[PDB]
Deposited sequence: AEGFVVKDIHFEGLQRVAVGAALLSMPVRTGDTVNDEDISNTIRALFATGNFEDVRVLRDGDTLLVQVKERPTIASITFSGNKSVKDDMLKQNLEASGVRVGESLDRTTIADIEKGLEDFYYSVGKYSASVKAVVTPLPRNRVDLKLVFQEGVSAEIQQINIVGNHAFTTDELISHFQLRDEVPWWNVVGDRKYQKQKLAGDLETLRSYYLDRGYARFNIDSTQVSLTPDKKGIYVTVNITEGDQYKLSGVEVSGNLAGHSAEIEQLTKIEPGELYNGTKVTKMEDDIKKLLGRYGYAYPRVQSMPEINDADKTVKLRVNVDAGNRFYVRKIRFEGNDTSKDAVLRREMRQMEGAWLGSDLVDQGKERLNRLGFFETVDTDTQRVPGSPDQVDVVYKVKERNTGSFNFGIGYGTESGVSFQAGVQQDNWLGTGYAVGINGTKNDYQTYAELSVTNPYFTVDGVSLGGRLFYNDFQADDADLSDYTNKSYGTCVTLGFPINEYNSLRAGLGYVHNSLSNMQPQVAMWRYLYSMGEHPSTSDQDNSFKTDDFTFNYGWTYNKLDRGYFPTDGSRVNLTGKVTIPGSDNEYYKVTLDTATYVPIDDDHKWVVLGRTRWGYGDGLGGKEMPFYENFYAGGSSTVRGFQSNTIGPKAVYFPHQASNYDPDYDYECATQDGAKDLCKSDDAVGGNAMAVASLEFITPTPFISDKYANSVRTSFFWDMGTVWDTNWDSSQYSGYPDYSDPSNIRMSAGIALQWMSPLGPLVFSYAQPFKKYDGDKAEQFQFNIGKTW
């Protein structure tokens, strides 16, 4: 039989031509019932529907397929542990495409697939139910709902066959927890399929680090209680035996670096075996060859085990391969940042041999720049060349710019304003700008900051700033500065910068600690009154130096830090002075495990007049508080205010202008209120030693110490001849000091500190504060 034409109806999903070309037998072909069934199989393949009827009443064939709504939209019920994106991506991967054919069989299948997904993510006992509803013109909407009980809780981890080590210690090293203490209820108990593998590798690492080179996990398995809350994990072990490490030997195609490899691969004979130090040895080998331009060396340790001698001979096989050269560096996703803003940061040159650590520390420098959410390198051999590669950096540019604006309005006070525009990475060129303002009702504050981090490509930054403040003692100041700051080693950094500062001082209380300063200026305000007003204009040469060698994160173990800053007034300033400062820190470990540490600290400072003028009192030094010496209120340690009797105090007595008031005493107040000194000395000896309230798994997370803090602040040119009846603040020997304890903790975003100290030596009016707390330092 031969068919001359084919008839269809509906053709909702597919046109006549597409259907005809899809089927195996087409118009004009010799066909029979079997070929018609094959066309029905093609109709199955397109996956619309299956029920069909056929008729052969002449030279043409009539075929039709029953039409029902199949094209499905998807909507979900309340999913709690598995998020929407996870759910929908899993659904799509399963095969239920949005706006695509669907069927009861498909619904059942996707039900079981979703169940398999839930149980895979460990939501055992879950149930999946899916339903559909009709829509006009062959469409439907898929509604599927889930019920899911308590997540599976690992009842125990039961290591078996371990010896010389207890189960609780090994499971202490697991990230899984069979119990969470009521001290740490924020902990976790949820089972995870892949985390178990990570913990089994942690157990293997532990035994290999203790030296059991024959260690094998000869079976590991999981079981599940009939009520499916409880999961049981059990793990068989055999260690075999403990082994010593014999002399390493290096073989293979060494590129003449044999001396620098042998001296690296030394070990003392009879050393106890350890897996991490072997891995570190192999990594240092391939790092060493990497530094000299072999981007892709092969290294493989292949230990030989003497079960009789209890010794392992660690063979290391090395071949350097061939040198690699970077012909191109590329950046991608850099839609905004000027390309030089990326290239300037990185250390790998183009047209040079590939240092595999230089590319990675380039990526680190790009992260530490901060403009990018993510950075990831790739490296691809160019076609037709054995020796040279492109390196390409993908990035996501973070949105760095910020803008905040605020208005306030009130009763008993007027309008208030704030504004704050800032953007590091300015117009992509890598400048940082900021402009900030605050018109209060009784204050005005504004400042402008711009900093070019590469004024020259070597990394000399040039900063500038402008500021203005005024208040309604009454104070107004405004000024500018520019600073050049440029590293001199990885550790050691230097910076310098001119500055200018106007300030106007008015309506201040008359007191000995500043009236002599005004006298040195030739400003002679009456001590009976508060009409005083003084104006001046500093021109300044600032400088500073810095040193960091701490080689640690949150808690330093060893090394030192120093910071130095100073000022000199440039000639032609309306006042003239200098000051200097040091901060230092010095950590000395008293055991070579760095578990006991002696920490010294100091601060220093001095400042004085030039040309017979005197240093402005607002530049004075203050000491006390956790930043300086613990157990004292902040700034309390200096010499105290000695006020003159003054009428018209604060424009009206108001009954609270204590001491020397309009209705106050005839004589000088000698307050408890501390002015600063013009000179300072501070020291600490701090001893850092953990105590049995610890676990080794958090003994790095908490640090405890006790210390002896010493401090003194004095007023080097206090005239003891006129005020001989009052304590001589010219004398440095009034050293005051405390001792105490401190506790420090390091949650991921910042250190946190507690301290207790007794100011066991102190003098009149020093405000003690036994208990002190601060973040970050």
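Visitor: Note down, first to last, the deposited-sequence stretches for which the model contains no C-alpha atom.
Guide: Missing C-alpha atoms (numbering from 1) occur across the ranges 1-3, 476-483, 789-790.
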